């Protein structure tokens, strides 16, 4: 199973559990036709660390950008070698059964490459969603429609 894409992004906690903070972590993302998984990146050795998350591609119903937070820390506010792994201001979402996984890219070009490839892979799903939430689901509700359920029907036609 070939690795379609491999990048270092910033991600928001999916807060699956109740006892989970709303924090961001740098992770190494790999995209195969079967799964989108992320690991801790071992910077020193220059390799991927322990798998920290995974999502079966057949469970993805939607992939799209997402309106930026209005007050982003410097870490997410809009030389290359360093900035491309320190600054992640272009967010996008990977929607599936367990709410949305938010991912922050370093450049707009990269987010485009990913969003384009994730669409080719999900093209094979039997029931993609026609709608989605354009804004972050932050603080118990969707800032784009105010619905509460993470997996609440998207408040906007694709």
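Residue numbers count along the first chain shown, from 1.
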Gap size, residue 79 back to residue 78 (deposited sequence, no coordinates) | 4 to 9
Could you check the entry and say whether 128-136 or 109-117 has the higher mean CA B-factor?
-> 128-136
Output the stretch having the higher mean C-alpha B factor in the entry; the candidates are 5-13 and 146-154.
-> 146-154
Largest Cα B-factor, entry values, listed residues 27, 59, 35, 70 | 70
Assert third(CA B-factor, residue 98) within chain per record equals highest
